Amino acid sequence: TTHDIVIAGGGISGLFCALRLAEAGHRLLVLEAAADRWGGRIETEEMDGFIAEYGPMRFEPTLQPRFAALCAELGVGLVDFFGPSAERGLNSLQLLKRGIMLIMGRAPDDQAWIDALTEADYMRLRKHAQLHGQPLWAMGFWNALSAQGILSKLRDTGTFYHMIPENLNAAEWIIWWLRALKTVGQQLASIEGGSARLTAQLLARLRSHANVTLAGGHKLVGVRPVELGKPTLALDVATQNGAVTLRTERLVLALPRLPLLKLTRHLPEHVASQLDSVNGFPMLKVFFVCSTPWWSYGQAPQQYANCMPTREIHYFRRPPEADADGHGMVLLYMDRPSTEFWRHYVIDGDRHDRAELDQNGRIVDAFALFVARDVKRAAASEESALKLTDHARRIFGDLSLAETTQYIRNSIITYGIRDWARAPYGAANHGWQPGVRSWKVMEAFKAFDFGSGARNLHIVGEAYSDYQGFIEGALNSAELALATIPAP
Amino acid sequence: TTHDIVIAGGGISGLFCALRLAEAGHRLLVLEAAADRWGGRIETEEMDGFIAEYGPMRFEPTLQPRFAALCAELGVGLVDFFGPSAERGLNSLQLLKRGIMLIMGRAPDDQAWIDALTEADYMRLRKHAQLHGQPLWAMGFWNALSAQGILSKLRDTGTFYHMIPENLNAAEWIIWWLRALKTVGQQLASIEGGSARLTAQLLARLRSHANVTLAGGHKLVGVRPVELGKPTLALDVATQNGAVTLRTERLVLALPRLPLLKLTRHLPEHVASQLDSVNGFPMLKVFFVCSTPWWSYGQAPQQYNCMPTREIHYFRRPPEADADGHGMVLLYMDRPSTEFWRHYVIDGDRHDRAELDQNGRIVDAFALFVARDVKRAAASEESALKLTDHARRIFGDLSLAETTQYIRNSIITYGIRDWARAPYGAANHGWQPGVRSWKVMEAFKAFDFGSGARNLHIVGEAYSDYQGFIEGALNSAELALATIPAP
Ligand SMILES: Cc1cc2nc3c(=O)[nH]c(=O)nc-3n(C[C@H](O)[C@H](O)[C@@H](O)COP(=O)(O)OP(=O)(O)OC[C@H]3O[C@@H](n4cnc5c(N)ncnc54)[C@@H](O)[C@@H]3O)c2cc1C
Ligand SMILES: Cc1cc2nc3c(=O)[nH]c(=O)nc-3n(C[C@H](O)[C@H](O)[C@H](O)COP(=O)(O)OP(=O)(O)OC[C@H]3O[C@@H](n4cnc5c(N)ncnc54)[C@@H](O)[C@@H]3O)c2cc1C
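Each protein sequence line maps, in turn, to chains A and B. Mapped onto PDB author numbering, the consecutive letters of the first sequence carry residue numbers 2 to 87, 101 to 166, 172 to 507. Mapped onto PDB author numbering, the consecutive letters of the second sequence carry residue numbers 2 to 87, 101 to 166, 172 to 323, 325 to 507.
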């Protein structure tokens, strides 16, 4: 065949491009490597009636305006989330804010200065802000915080996801934190009836657009200019059937770093040379649904780290105004190196493009043992962070740990695991690297070509965005490229 | 041109192949991507008269017989090393041995069983040893230790490089540790006048062998069979001049995982599909040479959080030859400390050896980190810091900003090697859960593009049966040697 515009990748950014480009009236095609699914890192499975987000769960719409706007324009609402909470002059909580504000030269409690910062200011910071003579775009976040007259000590033990041991671009993670440290963005909200709800609504308005053919099961595996000097692109697309060959005047790669690296030979050196301007962090989620929970409503998230190979362990029960069975659900949410523990419980090598539910008992076998220890210890202490129901407090007192194991192992109705470090994602999210001038990459990536000046290839997505980690970045990224695509 | 046998890679295994193949009488050529140097991961720089090993330092010749033998046959001596030292029935140092011996079903004090274990036994372990129904070749080391009736909890926050958070092949790291846990070893030896001494001696006997042309500055960047079905190989070799094109009847890839992955398109799928059967661990060394040390004459290596490092090792001159009283500090670190320091290599693009005295910012940050710890060590005294009386006092009095500067000034020369960098991509490698090592080593020892020619080979530590050590690199060389007939 032949098409005006191909879009490789049907993730949030792939599709926000497939929308705005339809609304200006182009003949779009959306290749998407996955047969049945759409929205990539957006994953919401229903597990014994619980909404289990294998991908994003909450959002800060005040911070992520363009998210709200794609939510609004699509009829997606946001149920505000009200869920549970959690060496001298250096005596506070988290408050890397001290570290940042020292670097920026302000008072370590100058929260007005922080709340007044614009994107325009963030750009001025990233380009021009220095620390001990060095630009911050050239430094580790970890190094800038450890400098003469900053911190140390540095607690990665404790804290949320600040990517200290990954040592990201100082400027870009000073920027990122100065954002989430504004007074707003405490407004925390789920998406009504799942996060994948947003995927659906975007296809339901992307079906009522005539000039859009959505083509699941299609994976871009090649790109050549047809003739030297000319803008016509040859796309090798492998699919279910077999190895088709599309042609287009404009290809949009809505792909994170790992797919792009698998395409690296088929890309201009000047672009392919920079795909390593970001690192993909792995994250891994495990969900267990328990018949007979040991925790009440409002049991706080813990930071198990030791007790379990996990970072966070999150706790869910059905609303107390329902509870048709009284069941509950546990999220093990983990980064490096806990990810390496669980990685190996995906039974299918070769392919892992979505959660594996109820396919390895060994995942429960290891969840059981780890919790079994902790809930014999929590009965006694009572000053343990594990609330523990009266029913559970007693019955555990009596069972021989080896049986507390089995009680929990039996208790599991359904369980699932998503290892986001696996192809074709290779990461839950990405981070700029020390040395990188993000703005040089984002400009090069938004629009490029094989050497005609055609400006008819694009990269879009979170990975090389100005708001990494969030759908907002994926959206900012889509726009940057949209602006370089004229009407038909 | 055209050659009997090319050997890509002039590291220890590349060269032990270039030797034994000369001694059977082939017309060898050794390509080596590095212009000036040989022996790759073997790196020994002289720093204000100190032997600084950016690569291997010590060795266990009892455990590594084939190392001793290549040392002996080359006139390389080993100065035995006598350097400084270091919840219910679960309260010791090497609860690791507890964990292993639980898995293996023996008594956690069965040290005779351990000392009696042969290679043939290690193979039987690899292939057949199970845990809760699962073969260990299929498990994480971390998972096997955390099992019902083993450990937990697991202290990786202590300990010397056990690769728990890298979660390596349970069987292959049970094997690896059961080796270094023999009493037989622990006999620790440096190499006489540096570790790179062994590189030199191997070229000095590799010069007196007529049928060997050594070609530094040459990097294999492609391999095609000349004709479909026929054993003739086309080598694209980039060099100083430019892009020559050799031909050979037999190519030996003495290369770790990362260069082989850069050649992955030029390799048979059946081989390239398995290069990810191992992980390359990054390690990073920084060396500082200090005018006026702050530490005692037996100051133990520490396990520093306190610094972004894992080990911090302490050196003075043999004080029988100490003409200035100087001392040296080795920051030796794994993930994630590696990420802190890696950014202080001033040359992007290329890093094939240590960068000495090329970034003051490395001292600037060493100073501050130690400056804190040695103001705390003046007072507490309940510290591993054997601080000298001269140092204990003078530090008491100086402000941080001056304690930093005292140390910053004290530094004569400093260096950094980031082994995670091309073309090494790792200080050493580890088998992965799922892998049957023995299936990989058999596939790798000899293969071809489909003729049956059996005229390509992979050799080196990375896919060896003794990962981490030169012994593995040597075991690997042999496996392939055995499949190469005499001329
Ligand atoms: C920090 C550290 C500590 C160590 N400690 C010990 C120890 O205590 N005990 C011990 O026994 N061993 C130790 N070792 C082992 C050491 O790694 C040995 O040198 C050995 O493992 C190297 O095996 P190799 O032959 O694969 O060497 P390599 O150096 O990996 O050989 C590869 C060579 O090929 C080259 N090359 C790469 N690409 C190309 C190309 N395309 N064409 C041509 N040439 C190419 C160069 O990279 C290099 O010279 C240590 C290593 C390190 C780094
Ligand atoms: C653990 C986790 C936590 C998150 N937390 C938050 C959060 O707190 N707040 C927030 O706002 N967002 C969060 N997110 C969301 C994340 O920011 C976005 O979902 C994502 O980054 C944006 O999607 P994308 O379009 O950029 O890329 P992706 O969703 O990765 O899109 C890639 C798509 O390309 C496809 N594809 C098509 N053709 C090819 C091909 N040839 N090769 C490869 N792939 C191909 C598929 O791989 C895939 O569907 C989280 C995500 C995860 C996984």
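Yeah, the Cβ is synthetic: ideal placement off N, Cα and C, and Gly gets one too.
Report the residues of the region 380 to 393 of chain A with a CB closer than 8 angstroms to any CB of chain B, ordered along the chain. For the region 380 to 393 of chain A, which is checked against every Cβ of chain B, the residues closer than 8 angstroms are 381, 384, 385, 388, 389, 392.
Can a CB atom of chain B be found closer than 8 angstroms to the CB of residue 363 of chain A? Residue 363 of chain A belongs to the set of residues whose beta carbon lies under 8 angstroms from a beta carbon in chain B.
Chain-ordered neighbours of residue 325 of chain B on chain A, where CB pairs are closer than 8 angstroms: Simply 172.
Where residue 360 of chain B meets chain A, residues with beta-carbon distance less than 7 angstroms: Close to residue 360 of chain B, with beta-carbon spacing below 7 angstroms, are these residues of chain A in chain order: 154, 156, 157, 186.
Counting only beta-carbon atoms, is residue 177 of chain A nearer than 8 angstroms to chain B? Not closer than 8 angstroms to any Cβ of chain B, the Cβ of residue 177 of chain A fails to qualify, so no.
Residue 389 of chain B versus B/400, B/402, B/361, residue with shortest Cα-Cα distance: Ranking the options by Cα distance to residue 389 of chain B, first place goes to B/361.
I believe residue 18 of chain A touches residue 271 of chain A by the beta-carbon criterion, under 8 angstroms. Please report the beta-carbon distance rounded to the nearest angstrom. Distance from residue 18 of chain A to residue 271 of chain A at the Cβ level is roughly 5 angstroms; contact confirmed, criterion being Cβ atoms closer than 8 angstroms.
According to DSSP, what are the bridge partners of residue 52 of chain A? DSSP lists A/47 as partners of residue 52 of chain A.
Among residues of its own chain, excluding the 5 on either side of residue 471 of chain A, which ones have a beta-carbon nearer than 8 angstroms to its beta-carbon? Cβ contact annotation for residue 471 of chain A (same chain, cutoff 8 angstroms, sequence separation greater than five): 244, 248, 249, 250, in chain order.
For ligand 2, I want to know if residue 1 of chain A counts as a neighbour, meaning its beta carbon is within less than 7 angstroms of at least one of the ligand's heavy atoms. Because chain A is modelled from 2 through 507, residue 1 of chain A falls outside the range shown and cannot be assessed.
In terms of DSSP beta bridges, what is residue 478 of chain B paired with? Residue 478 of chain B pairs with B/272.
CB residue 431 of chain A to CB residue 309 of chain A, shorter than 8 angstroms? The criterion of a C-beta distance shorter than 8 angstroms is satisfied by residue 431 of chain A and residue 309 of chain A.
Could you tell me which residues DSSP pairs with residue 304 of chain A in its beta bridges? Residue 304 of chain A pairs with A/352, A/437.
So, does the CB of residue 160 of chain B fall closer than 8 angstroms to a CB anywhere in chain A? Residue 160 of chain B belongs to the set of residues whose beta carbon lies under 8 angstroms from a beta carbon in chain A.
Give the single residue among B/376, B/487, B/384 whose Cα lies nearest to the Cα of residue 528 of chain B. Limits of chain B in this structure are 2 at one end and 507 at the other, which puts residue 528 of chain B out of reach.
Following a CB-centred definition, is residue 200 of chain A positioned closer than 7 angstroms to any heavy atom of ligand 2? The answer is no for residue 200 of chain A.
Exposed or buried, what is residue 485 of chain A when buried is set at 16 or more other beta-carbons lying within 10 Å of its beta-carbon? Flag for residue 485 of chain A reads buried.
What did DSSP end up calling residue 386 of chain A once you bin it into helix, strand or coil? Taken through DSSP and simplified to helix, strand or coil, residue 386 of chain A comes out as helix.
Identity of the residue in A/49, A/233, A/151, A/479 nearest residue 276 of chain A by Cα: Out of A/49, A/233, A/151, A/479, A/479 has the C-alpha closest to the C-alpha of residue 276 of chain A.
Any heavy atom of ligand 2 inside 7 angstroms of the beta-carbon of residue 447 of chain A? Yes.
Range covered by the beta strand (DSSP E) that runs through residue 451 of chain A: Segment 448 to 451, the beta strand (DSSP E) holding residue 451 of chain A.
Tell me whether the region 24 to 31 of chain A and the region 316 to 327 of chain A touch, counting them as touching only if at least three CB pairs, one residue from each stretch, are closer than 8 angstroms. Taking 8 angstroms as the limit for Cβ pairs, the verdict is that the region 316 to 327 of chain A does not touch the region 24 to 31 of chain A.
Under the three-state DSSP convention, the category residue 298 of chain A falls into: Strand.
Interface residues of chain B facing residue 454 of chain A [CB-CB closer than 9 angstroms]: Those within 9 angstroms of residue 454 of chain A in chain B are 363, 368.
Using 10 angstroms around the beta-carbon of residue 508 of chain B, count the other beta-carbons present and answer buried if the total reaches 16, otherwise exposed. Residue 508 of chain B is absent from the structure shown; chain B starts at 2 and stops at 507.
I want to see whether chain B comes within less than 8 angstroms of residue 296 of chain A, judged by CB atoms only; does it? So, not an interface residue.
Check: residue 14 of chain A C-beta below 7 angstroms from any heavy atom of ligand 4: With respect to small molecules bound, the structure shown includes ligand 1 and ligand 2 and not ligand 4.
The alpha helix (DSSP H) spanning residue 328 of chain A covers which residue range? Segment: none, residue 328 of chain A is in no alpha helix (DSSP H) and carries neither H nor E.
Delimiting residues of the alpha helix (DSSP H) encompassing residue 66 of chain A: Residue 66 of chain A -> alpha helix (DSSP H) spans 66 to 73.
Where the beta strand (DSSP E) through residue 242 of chain B begins and ends: For residue 242 of chain B, the enclosing beta strand (DSSP E) starts and ends at 238 to 244.
Please report the straight-line C-alpha distance between residue 406 of chain A and residue 189 of chain A, rounded to a whole angstrom. Our two residues, residue 406 of chain A and residue 189 of chain A, have alpha carbons roughly 39 angstroms apart in a direct line.
DSSP on residue 489 of chain A, reduced to helix/strand/coil? Residue 489 of chain A: coil per DSSP, three-state reduction.
Which first and last residues belong to the alpha helix (DSSP H) in which residue 198 of chain B is found? Element bounds for residue 198 of chain B: 189 to 199.
Between the alpha carbons of residue 294 of chain A and residue 451 of chain A, how many angstroms are there, rounded? Between the alpha carbons of residue 294 of chain A and residue 451 of chain A lies a distance of about 10 angstroms.
Looking only at C-alpha atoms, which of A/66, A/81, A/80 sits nearest to residue 74 of chain A? When only C-alpha atoms are compared, the closest one is A/66.
Starting from residue 356 of chain A, find everything on chain B with Cβ-Cβ shorter than 7 angstroms and list it in chain order. Chain-order list of chain B residues neighbouring residue 356 of chain A: 184, by C-beta distance under 7 angstroms.
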